[PDB]
Amino acid sequence: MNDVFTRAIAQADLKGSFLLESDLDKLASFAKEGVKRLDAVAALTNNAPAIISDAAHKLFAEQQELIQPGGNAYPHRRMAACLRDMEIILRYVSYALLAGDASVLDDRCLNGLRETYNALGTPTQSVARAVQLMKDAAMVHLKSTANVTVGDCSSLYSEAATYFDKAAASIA
Amino acid sequence: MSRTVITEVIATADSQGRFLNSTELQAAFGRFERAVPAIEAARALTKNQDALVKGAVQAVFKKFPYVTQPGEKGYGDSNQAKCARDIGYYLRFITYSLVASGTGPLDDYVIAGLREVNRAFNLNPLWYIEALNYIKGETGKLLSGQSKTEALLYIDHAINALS
Amino acid sequence: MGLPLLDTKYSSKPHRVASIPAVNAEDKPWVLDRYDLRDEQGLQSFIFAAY
Amino acid sequence: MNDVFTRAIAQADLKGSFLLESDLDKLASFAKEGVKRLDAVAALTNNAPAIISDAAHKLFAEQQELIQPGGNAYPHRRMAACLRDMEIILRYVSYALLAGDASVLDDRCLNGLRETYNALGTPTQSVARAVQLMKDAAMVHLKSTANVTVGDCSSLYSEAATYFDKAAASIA
Amino acid sequence: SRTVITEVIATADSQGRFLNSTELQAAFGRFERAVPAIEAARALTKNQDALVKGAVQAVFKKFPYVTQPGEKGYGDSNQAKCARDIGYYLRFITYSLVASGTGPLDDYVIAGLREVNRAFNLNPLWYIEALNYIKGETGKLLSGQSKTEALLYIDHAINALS
Amino acid sequence: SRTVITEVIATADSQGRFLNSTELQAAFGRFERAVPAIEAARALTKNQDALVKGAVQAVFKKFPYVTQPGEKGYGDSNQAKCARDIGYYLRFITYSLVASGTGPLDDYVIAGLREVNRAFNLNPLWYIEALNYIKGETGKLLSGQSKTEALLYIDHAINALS
Amino acid sequence: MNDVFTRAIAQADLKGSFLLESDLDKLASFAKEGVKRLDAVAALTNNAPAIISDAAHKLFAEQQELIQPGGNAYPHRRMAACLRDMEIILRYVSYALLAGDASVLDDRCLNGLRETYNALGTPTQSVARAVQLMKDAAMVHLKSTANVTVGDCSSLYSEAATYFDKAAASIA
């Protein structure tokens, strides 16, 4: 787990040099927009059940083959596992968004997940499609302006899209 | 793997297997406010690093005359260079800790493994204690206000762990 | 003690995510506990299981 | 973990036979020279910090790139780990010197150390150099004629050198 | 196996410490005892066939029934296996003497003794009788400290069987 | 160039005779002096950039006016040429250390030094200041015979400038 | 004039760079071997009249036409010049051996020697033959172990041979 400050520091230390003026400017800019970052994190956190349910509905609407017998999301045992995995991935994306780096998403979640999915027989491109649906469903709540000071957050939207896409690519 | 505010938040959330509650976001926002004086102190400290390092070496010599005479650790041009290098290391990691708004850089780079290394090379902790106290005295002058306190916290933490 | 250990650098494993009951109950390992220690034959079974 | 006695016993058992008279003579000679062996192992044990400090001073005078930022022994944690590894290897060499057989050293110390260092990004050639420096520092202390009865300890010196060499070769 | 030196090294290694003075005094105690123990081992090796056959006949005398047909001791194969087993016991006792530790016995004979004897319906009493014969002949064959050491290891084997 | 072996061979060549004990002894002394000399050359090579930067800064410290506009130190190209010249001097000092003769300096730097300085209006005291800084620093980077070798060559260059 | 050190410095200057660590290592090895080099050069110098006489005897037994009236070593004067030239060439070969470089031999001795001998009517094949006989006698003396400490000096032998046969190649 490294946030942006910690990696800036690690990269400075490998070079064995102090942090430059421009780098400190960038870190101060990050800290300044941290309020927007926190609003994005809260938008993901509060709306998580809605995002998971919406993505699941869409995924089983397109790929019904999962929910028929013989599909890989058939019994309540496997459907609940699907929903659990989606919640895990969304949670780790929220962690990465708050931290500012995909380090946590790299190490704690996606370390060996494709191999596990292959052993279980799960379709990995289906899991990736589910994560993409989660991303599309979560951008809606991210862009919601209710009870929030209105402003620009396009960088945060791109960052969250990058984290979701990185999880999806790692799994697929 | 540093232990900072955001990292503590995420680690305690993951350990409990849950999303980030509002309190964790509260602590994160406190850190984000706090970063501004911390970056200011880091800037005003990295800018004046050379004066601090020279003054720290001279202050250690003044407080410890006996290290200089032959047959001691301080005698030697290379040992003078290693004086300056060590104090520069400590100052650099203090600035890192200011930037990171935690003790993570100090604990990870200086504090962990301090006592075994000092014992193995027979380096006296009191030398660095004196140098850091000098740096504290100076950063009293260089900085003012919230940034001064914020720098003093990390200098004090380094001194406490050197003890 | 001494130095701190390195990072754990986790990996995805079934135990890490076990909110849901396992597939087969009979394949769930027997969770032997203190109340097994009070009987005699139960205590022998507990000792055998520990070994 | 076998000493010379247990190694002889195991070979004799594999042959299915009692120990021959020549093997008993060799073991009797080993037991007779065990007093000098105990002196040597005591010399290694009672000078361990001095040996490690001397080896470290030589090694980091010779190889300055380690103690630089970006070197493998840069922060205090890695420097402490370096000294700790040197102490571990010296401890196992003293065990082997007492036992008279390097089975303990190979089994418990050197068996998988090269791949561990490769996994950690450690220059194994530098570790072998450190072990050789420890060998020199330990041979300075083993040959200390003062404080012990004078005698011929060439065989013990050669065994200690062989254990240090075998450690260095197995690491790098 | 397990000797004095290996006990020392294992105890030091389990606490991750160098060998201190206590361990070296134990090692010196071993090295000084080695001479009588190796002498006892040499004497016991010299007396292979006499001791083995005497032990087998002692077992036959104390248990005359076993030699009868339909029992364990009947037949040339079973008597050969008797001689082989007593030879094993004597060999491991000499190994223990040389090692100056009950490691050879404890690892080769004792560990798994009850399970194997129960599976093959072997009686520990046969081996106890044979070892008591070996113990008796040891007093004749050894004098001084060597006899004491050999009796110690044979006693350990007898206690293990019973 | 002009080094101990070359002087030996040239003297023998001009006298129309072989190499005798006097000349072989000179060559001997050169071959043993090579050790501190090569060590000094390696140390100076490893620290060339630090030495050059420090030398430029010492030059600017001792002659503050040169950095002022309208003067030889004003501008980036002039300071690039600063560092280039100091690097030249350092390179040829390391050459002379390896060659065990002043021939590299005499052939590459000193021969034509005064005319070139006079033509481009360069001041010899600038380079004396830089070489004094390098002398002070090699006092720290080096020790023993390595340091006296380096100082002899740096002082030859300084005396050439003055 | 050039020795090995000065050539190395010359290429380094042509690149405009310092001397690399490998080049410094080669020069350190040269200077370490310098005492053997001195022994080789002193063997050439001390035994020079013997070498020249042996080469002359062999050459004029092989080629009797050189010492008949009408030969090119017939009158005393031409014979003196012949022996003088052989001495000169051996002397420049000893120079090149000490310097580690064949530069002085080329620049001084073999600068225009083939055209000299062609204009004089001197058989350049016979001059090359004399250089080969001198090389053989020189190898006989340089391999001598009396009055030197025994050691491996094969590189010096091969280098001396290269100087000799380079002279003979330039002549013929």
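Here are some notes:
Letters are used for the chains, namely A, B, C, D, E, F and G, taken in the order the chains are written, and counting of residues starts over at 1 for each.
The rule we apply is simple: a contact is a pair of C-beta atoms (placed from the backbone, for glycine too) under 8 Å apart; a residue touches a chain by one contact, two chains touch by 3 or more.
The greater number of contacting C-beta pairs, out of the two interfaces B-D and C-D, is seen for B-D. The geometric centre of subunit A is 35 Å away from that of subunit B, both derived from CA atoms. Subunit F has its Cα centroid 48 Å from the Cα centroid of subunit D.
Mean C-alpha positions place subunit E and subunit G at a centre distance of 82 Å. Among the residues of subunit C, those in touch with two or more other chains are 2-4, 7. For subunit G, the set of residues that touch two or more other chains is empty.
In subunit F, no residue touches two or more other chains. Of all possible chain pairs, the ones that touch are A-B, A-C, A-D, B-C, B-D, B-F, C-D, D-E, F-G. The touching residues of subunit B, counted against subunit D in their complex, run 108-114, 116-117, 120-122. Against subunit G, the residues of subunit F that register as touching in their complex are 1, 3, 5-6, 8-10, 12-13, 17-20, 24, 27-28, 30-32, 34-35, 38, 41-42, 45, 48, 91, 94-95, 98-100, 103-104, 108.
Per the touch definition, subunit C reaches subunit B in the complex via residues 2-4, 7. For subunit A in complex with subunit B, the touching residues are 1-3, 5-6, 8-9, 12-13, 18-19, 21, 24, 27-28, 31-32, 34-35, 38, 41-42, 45, 48, 91, 94-95, 98-100, 104, 108. In the complex of the two chains, the subunit D residues touching subunit B come out as 49, 52-53, 56, 75-81, 83-84.
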